[PDB]
Protein chains: 12
Amino acid sequence: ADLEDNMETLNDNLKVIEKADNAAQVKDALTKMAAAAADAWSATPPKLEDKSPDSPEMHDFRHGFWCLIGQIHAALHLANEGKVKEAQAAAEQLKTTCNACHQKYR
Amino acid sequence: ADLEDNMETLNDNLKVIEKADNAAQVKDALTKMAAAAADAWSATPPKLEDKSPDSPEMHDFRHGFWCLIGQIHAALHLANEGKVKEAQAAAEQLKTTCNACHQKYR
Amino acid sequence: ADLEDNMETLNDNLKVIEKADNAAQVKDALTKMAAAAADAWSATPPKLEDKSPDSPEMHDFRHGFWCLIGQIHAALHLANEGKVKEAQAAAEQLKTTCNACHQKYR
Amino acid sequence: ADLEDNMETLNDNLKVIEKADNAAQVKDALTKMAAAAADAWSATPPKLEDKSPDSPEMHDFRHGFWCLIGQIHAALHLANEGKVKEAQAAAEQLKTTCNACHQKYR
Amino acid sequence: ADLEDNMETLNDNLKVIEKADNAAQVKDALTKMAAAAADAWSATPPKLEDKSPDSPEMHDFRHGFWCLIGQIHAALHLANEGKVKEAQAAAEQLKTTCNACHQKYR
Amino acid sequence: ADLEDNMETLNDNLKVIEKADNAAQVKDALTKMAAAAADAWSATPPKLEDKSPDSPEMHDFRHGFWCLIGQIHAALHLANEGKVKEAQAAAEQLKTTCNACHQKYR
Amino acid sequence: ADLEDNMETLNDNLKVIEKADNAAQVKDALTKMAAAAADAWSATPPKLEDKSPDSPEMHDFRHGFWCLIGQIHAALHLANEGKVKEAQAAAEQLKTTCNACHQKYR
Amino acid sequence: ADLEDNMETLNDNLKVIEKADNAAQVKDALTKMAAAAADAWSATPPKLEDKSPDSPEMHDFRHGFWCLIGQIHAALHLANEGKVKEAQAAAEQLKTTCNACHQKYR
Amino acid sequence: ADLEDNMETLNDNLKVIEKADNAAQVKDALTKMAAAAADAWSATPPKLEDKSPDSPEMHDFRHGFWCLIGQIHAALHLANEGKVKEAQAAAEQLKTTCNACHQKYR
Amino acid sequence: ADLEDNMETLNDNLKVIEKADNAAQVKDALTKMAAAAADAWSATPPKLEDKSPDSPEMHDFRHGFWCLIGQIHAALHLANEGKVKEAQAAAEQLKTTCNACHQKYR
Amino acid sequence: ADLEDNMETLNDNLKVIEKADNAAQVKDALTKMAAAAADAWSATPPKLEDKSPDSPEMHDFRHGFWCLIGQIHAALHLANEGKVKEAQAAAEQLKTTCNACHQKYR
Amino acid sequence: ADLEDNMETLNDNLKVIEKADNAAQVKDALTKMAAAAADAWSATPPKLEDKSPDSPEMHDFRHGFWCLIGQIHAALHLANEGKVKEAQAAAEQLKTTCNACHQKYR
Ligand code: HEM
Ligand code: HEM
Ligand code: HEM
Ligand code: HEM
Ligand code: HEM
Ligand code: HEM
Ligand code: HEM
Ligand code: HEM
Ligand code: HEM
Ligand code: HEM
Ligand code: HEM
Ligand code: HEM
Ligand SMILES: [Zn+2]
Ligand SMILES: [Zn+2]
Ligand SMILES: [Zn+2]
Ligand SMILES: [Zn+2]
Ligand SMILES: [Zn+2]
Ligand SMILES: [Zn+2]
Ligand SMILES: [Zn+2]
Ligand SMILES: [Zn+2]
Ligand SMILES: [Zn+2]
Ligand SMILES: [Zn+2]
Ligand SMILES: [Zn+2]
Ligand SMILES: [Zn+2]
Ligand SMILES: [Zn+2]
Ligand SMILES: [Zn+2]
Ligand SMILES: [Zn+2]
Ligand SMILES: [Zn+2]
Ligand SMILES: [Zn+2]
Ligand SMILES: [Zn+2]
Ligand SMILES: [Zn+2]
Ligand SMILES: [Zn+2]
Ligand SMILES: [Zn+2]
Ligand SMILES: [Zn+2]
Ligand SMILES: [Zn+2]
Ligand SMILES: [Zn+2]
Ligand SMILES: [Zn+2]
Ligand SMILES: [Zn+2]
Ligand SMILES: [Zn+2]
Ligand SMILES: [Zn+2]
Ligand SMILES: [Zn+2]
Ligand SMILES: [Zn+2]
Ligand SMILES: [Zn+2]
Ligand SMILES: [Zn+2]
Ligand SMILES: [Zn+2]
Ligand SMILES: [Zn+2]
Ligand SMILES: [Zn+2]
Ligand SMILES: [Zn+2]
């Protein structure tokens, strides 16, 4: 999938978690998010197509996905323990990271 | 995934198919559509909530999904054979199936 | 398994569902129902032996089982989400299909 | 495989079953036939490209494959149980369905 | 599955073996029985909750299942070798063990 | 893993069970216990090093592990059915098995 | 495999172990011994045919094999750790079980 | 396994096939023989260590195994088809190849 | 499959290759050819029945199939690289082997 | 597993390596450590429950596990080469990292 | 494999991509590179054998492989979309990273 | 992988074998050699491009690879048995096979 598609996936599954009333539904959504973010991690966005792999921007872009994957895994861990509310709140904290990266690079 | 979720997967992948520049992306999209449709197959839409599983409406709902799965498997056959423009055209024609069910039941 | 055997599987596992107090028990019983139903789909019931595979009675018989597999997956979806009383509710609805087919063909 | 290819699989394995003198030969041949019919179900024959996918013709065409698959599974079931002559006799009855569909859409 | 459920599996498959006319039917039925007995071995019957897990009663109760499993494997071994009447005769001898345990702890 | 190692796994997981707030943690713990006990089953404790594999002491050592595996499979059945308090209570009662072997052979 | 066949497997592989100069050879021979022993466990030896499956002779026979599988795993544990002379040593000890059972029942 | 070991597998399973009274016994025995011959093909017998790997002797030696494997597959094919007496007769013809090679290089 | 069946597989799939316009179709047909050829390798053709498995005619027959499997893999290698016209070219070359063997033995 | 449990796992397996006399035992222990550290990597310790995912502390916490995983993989690599002493010394170097993180965050 | 070998692998597959005329060949080569780099990531080169795991050099060494793996995954993504030229150009950009690390540490 | 590529794999792994200090490295190397040789088996070298697949030269080319695969499987047998010096010596003797084909066809 390409970057735009990984984002759609990230976005839609954020909304699935927000409306979810059960752990499995949260778990499924976080699994999809984890896969979408790992794919995206190696992507180069349009605004950075002229930048070299070792630029500060790239670094920063790759760091933001590694940060996102960390958090998804943490919420996924809570989801697996049946802790819906806590998983949802962890998901909600994720938005901070989506937005920070969007400000710089979207 | 619920009915809305499956519908979102179907529509999202339709767009991926439409903008694709290669077979793998098309095959991937249709593979996800097949999965979503197979799941949606056994669902009850809001407007048929009061109907019996053995009703004309529910027979009709379920046959729409069987029809769609059929057309997706056909399109997937083409993507697999690397036939992008053709898989794309088959996707466009599936939309008649999407629309027909919607008109009756959305 | 023969027709009688499959019926005995559908019937026991439906009792299992009826008295379960947990998702795993419902998940597992519904899975055994799907296989029994998928087997029975191809059978020829005593009362319809004098009949051709293209008769309206055999279309009816065969399609009784599609509708059953439909409702089984619906209930399995709810079971997978930990929703015991809702999977039980949806398992209750299967009986309308069991009853309709028995009325005409048992 | 295209329609023609599945048909060759179908015909070719019908003959294998006719000359077969052991259960295994019949099992494999009926297993190849099942997969060829399954794939074939999603196809559109030349005589029906002009037709809409909802049309009476397409419904009747695809029903023809699910009825063949039904009979194939029954035959297979018999062969799993080692009953070679009975699987062969049920394979002969399959010809009805072959010829019915050929008479209409071939 | 609880104790009662395994027993239903045990009894239900005993009957299948009695009316069976082919090796495969016997194989599967004896395979289901093995798994039901295996699961059953760890259970505590109502008549023995008062008892300590080391007690003579529990030892004799659990030994009853390993002896049944033994006979089940012997029967199965015969069925793998296609000897249908001999598997059926060994299945009849199983009744000894069924009734011995029922006489003491059921 | 050696005997000490297996014993450490058993004790550690006992504590995890005791402090758990969810089924997945309990199921996981017992799954590890089952593995450790299955391994320890075939070991020779320090104080029986001079005894024969066919001795009353070694019969007795090995039957303790068979008994424990039995109780763990029972408890695991409960954790699987999401029954936390009950799986916890079954775990506490296993301790009688731990103690009895220890008194004789540690 | 029948009783004679399984015995021939136990005997050859024990020679293999005896003359191996490497873990892999011992690992592999012990694995083949476990399966042969797991098969033989359900057999009825010529000398105990006139006997009921619940006799003390058949409890004895059956339990001869539990003890064998026990000692086999002990030696497999050492083999898995690359400890050739220690796995060979532990394989030497199996013979006490072979000998005891042969004394009473061969 | 060394050459001697494969030979023991070969010989040992030849006898199993001679006394076999069911297809399964023959299948497994011929399957073990195939793997033993396959492994054996790469070995160098004592009588030929002095020889170059291109020599007439090594070519003829290794050809002897591919010819045995050929006959083994033919026998196996017959056994898969349940024809027990015919598999046994083809196994008897295998002796030709056994003895031809033994006469030259054993 | 018997010799006739395998030949029918080689022949149909070679036509499939000849008229494919895509790698997947060629990949899949060549895979079915390898299995048919691997089966036929052990057969005995009518004309060589009066012959011993060590005759020059049977060495010739058997080695016809090694050479075929050789050329099949060559073409599968090109197919796997998406090279349709080159896999087709290499599939054309197989026929020299088909022809040579038919000249001497069909 | 939660953080406290991953640590127990880390700790116990450190002691297994220290007393290990064979590569397999070291390998098993490092595999368990690798899994415990990857789980822990996404955890938030008690002392940092008020800190945001992008705090310097979190960063630092995640960096310490990535450093630990690096080292475990390096020792695991040595263990796989049969280099016990070297693996043990690599394990011992690990303690530097455990302790550094404990000073700040435990 | 050790560091020197991972490098050979990296080097050879760089040359395979440079001469490749098809996506599969590129894909295969990048898969081999990805695996070689992940192995290498945990290695310690000769020039840094005296340095502690947390030295700036080690950090820097591990960062260079993580950067390389990122890029390989990006080229692998393009290769999977059938984009040969683009994959090759991404591979060529990789050399910047190989060389930078070689200047410091080789 | 093409012929050159396979040859590079063969030579590279030969060197790994020659400099190895442990079994796992040797086993790994030979495993890669086996794969490369199995692939090269079905290739046509530059200097035989104008020859038929049924030519003495192509028979001869292919038999060289069968011979090499044979010797590699023998050497691999030794590495598996942890026999480093011996696997090394078997590798050195394979070089005669490499050279003989080269002299004729490189
Ligand atoms: C779960 C968190 C995230 C969500 C919900 C999210 C959502 C989205 C959405 C809806 C879009 C618009 C896609 C489109 O239709 O074109 C987008 C685009 C984008 N996002 Fe994210 N995003 C997330 C995380 C991130 C992160 C962590 C980064 C960088 C580290 C990032 C970088 C970008 C970029 C560069 C685009 C523009 C892509 C293009 O123009 O091709 N996103 N995101
Ligand atoms: C590729 C074909 C299809 C596409 C792209 C598609 C797309 C959509 C979309 C975008 C929605 C909006 C739902 C929401 O998020 O609120 C929707 C809803 C819906 N669709 Fe589809 N659909 C397709 C096929 C079908 C078929 C075949 C059926 C009937 C058998 C169907 C039945 C419905 C129904 C009943 C709703 C209402 C959902 C609700 O309000 O809960 N769709 N669809
Ligand atoms: C989940 C729903 C169902 C349940 C619980 C159920 C249960 C049963 C039971 C307990 C029997 C008696 C078995 C015996 O002969 O000893 C039976 C018989 C039978 N059922 Fe069902 N059934 C179900 C669905 C169906 C459906 C959907 C059909 C038709 C499409 C059907 C057709 C029949 C027929 C033809 C028999 C008599 C066969 C004979 O004489 O052996 N059943 N069923
Ligand atoms: C097992 C039973 C069947 C057999 C043995 C069989 C056999 C065949 C054969 C030998 C052909 C000629 C293929 C060729 O032109 O190379 C064919 C074509 C065809 N068959 Fe069947 N068939 C069977 C079942 C069916 C069924 C059930 C249907 C419809 C539901 C069907 C529809 C067709 C169609 C539409 C063609 C024409 C394809 C074309 O012209 O491209 N067949 N079949
Ligand atoms: C294959 C032989 C066996 C058969 C056919 C069989 C069958 C049955 C049946 C039909 C029931 C009534 C279940 C119900 O109340 O719904 C039952 C209950 C029971 N059986 Fe068996 N059984 C067998 C072997 C055994 C063995 C070997 C033991 C003990 C070692 C055993 C112990 C029990 C117990 C304790 C109950 C009572 C469970 C309860 O009341 O909840 N059974 N069995
Ligand atoms: C869940 C139940 C059990 C728990 C929690 C448990 C726990 C322990 C613990 C913490 C140790 C200390 C060993 C050390 O690290 O030095 C130990 C040792 C030991 N346990 Fe257990 N155990 C259990 C079950 C059993 C059973 C069923 C047996 C006998 C069949 C057994 C036999 C022994 C023996 C012989 C030792 C001495 C080990 C040595 O000194 O080498 N344990 N156990
Ligand atoms: C690893 C240990 C064992 C070895 C090496 C071994 C070996 C053998 C051998 C070589 C034979 C002669 C086979 C023939 O009839 O041609 C034999 C027979 C026999 N063994 Fe074992 N055995 C072992 C364990 C056991 C055990 C544990 C038992 C009982 C629990 C047992 C019971 C028997 C019986 C009953 C026979 C005679 C069966 C007949 O007449 O066909 N063996 N054994
Ligand atoms: C299925 C047919 C065969 C049977 C039943 C068979 C059986 C045997 C037996 C029982 C031995 C004595 C093993 C020992 O010393 O412990 C042996 C040794 C041997 N066999 Fe075979 N064999 C067969 C096929 C072959 C073939 C086809 C070849 C050559 C192509 C061959 C070559 C040898 C060699 C070279 C030895 C001597 C090994 C040594 O001394 O270390 N055998 N075989
Ligand atoms: C890919 C290449 C090949 C193709 C396309 C092919 C095709 C065929 C066909 C269509 C038949 C007639 C089937 C029938 O009896 O109804 C046949 C027969 C036969 N072929 Fe092949 N073949 C091939 C390779 C070979 C090879 C390599 C050999 C020998 C090494 C061989 C030996 C035979 C024999 C002996 C028969 C007659 C068997 C009988 O009477 O039933 N074929 N072949
Ligand atoms: C192999 C290296 C390590 C070992 C052997 C080890 C061992 C331990 C042990 C025994 C505990 C006490 C657990 C308890 O009973 O509550 C602990 C706790 C802890 N460790 Fe580690 N540890 C290691 C690595 C690390 C690393 C790398 C970090 C941070 C990057 C870390 C952070 C912590 C924290 C935050 C706690 C307190 C957890 C709590 O209170 O819930 N540890 N460790
Ligand atoms: C795809 C990119 C790379 C290529 C093509 C490549 C190629 C090579 C080659 C051919 C060698 C000589 C190996 C020998 O025969 O001894 C080598 C060595 C080396 N490379 Fe790389 N390399 C790459 C990436 C890297 C990276 C990213 C690093 C560090 C982050 C690195 C660090 C080293 C080191 C330290 C050595 C010396 C190893 C020793 O002496 O044992 N290389 N590389
Ligand atoms: C372990 C044994 C072998 C090794 C180490 C080896 C090594 C090599 C090497 C390093 C090359 C240089 C190719 C290049 O990159 O341009 C080569 C080429 C070649 N080898 Fe081998 N080889 C071995 C076995 C064989 C065998 C058994 C054959 C024949 C059946 C063979 C046939 C060839 C041919 C024909 C070439 C020329 C490739 C070309 O110019 O395209 N090799 N080999
Ligand atoms: Zn992607
Ligand atoms: Zn960087
Ligand atoms: Zn910038
Ligand atoms: Zn769903
Ligand atoms: Zn969307
Ligand atoms: Zn209906
Ligand atoms: Zn059935
Ligand atoms: Zn009909
Ligand atoms: Zn197809
Ligand atoms: Zn046509
Ligand atoms: Zn055909
Ligand atoms: Zn329709
Ligand atoms: Zn259960
Ligand atoms: Zn009750
Ligand atoms: Zn029942
Ligand atoms: Zn006890
Ligand atoms: Zn262990
Ligand atoms: Zn511990
Ligand atoms: Zn004993
Ligand atoms: Zn057996
Ligand atoms: Zn008893
Ligand atoms: Zn071997
Ligand atoms: Zn000797
Ligand atoms: Zn033997
Ligand atoms: Zn040669
Ligand atoms: Zn065949
Ligand atoms: Zn010959
Ligand atoms: Zn965890
Ligand atoms: Zn950060
Ligand atoms: Zn702080
Ligand atoms: Zn490595
Ligand atoms: Zn650091
Ligand atoms: Zn420095
Ligand atoms: Zn290749
Ligand atoms: Zn190289
Ligand atoms: Zn030739």
# chains A, B, ... in the order shown; residues from 1 in each chain; ligands from 1

call {"tool": "residues_near_ligand", "arguments": {"ligand": "ligand 2", "cutoff": "7 Å", "atoms": "only C-alpha atoms and all ligand atoms", "output": "list in words"}}
result
residues 3, 4, 5, 7, 8, 10, 11, 14, 45, 46, 61, 62, 63, 64, 65, 68, 94, 95, 97, 98, 99, 101, 102, 105 and 106 of chain B

call {"tool": "residues_near_ligand", "arguments": {"ligand": "ligand 34", "cutoff": "10 Å", "atoms": "only C-alpha atoms and all ligand atoms", "output": "PyMOL selection string"}}
result
(chain G and resi 25+28) or (chain H and resi 1-6+35-40+42-43) or (chain L and resi 73-74+76-78+80-81)

call {"tool": "residues_around", "arguments": {"residues": "segment 15-23 of chain E", "least_positions_apart": "4", "cutoff": "6 Å", "atoms": "only C-alpha atoms", "output": "list in words"}}
result
residues 81 of chain D; 79, 82 and 84 of chain E

call {"tool": "select_by_dssp", "arguments": {"residues": "chain J", "states": "helix (DSSP H, G or I)", "output": "NGL selection string"}}
result
:J and (3-19 or 23-40 or 46-48 or 56-80 or 84-105)

call {"tool": "atom_distance", "arguments": {"atom1": "atom CA of residue 67 of chain E", "atom2": "atom CA of residue 54 of chain F"}}
result
20.7 Å
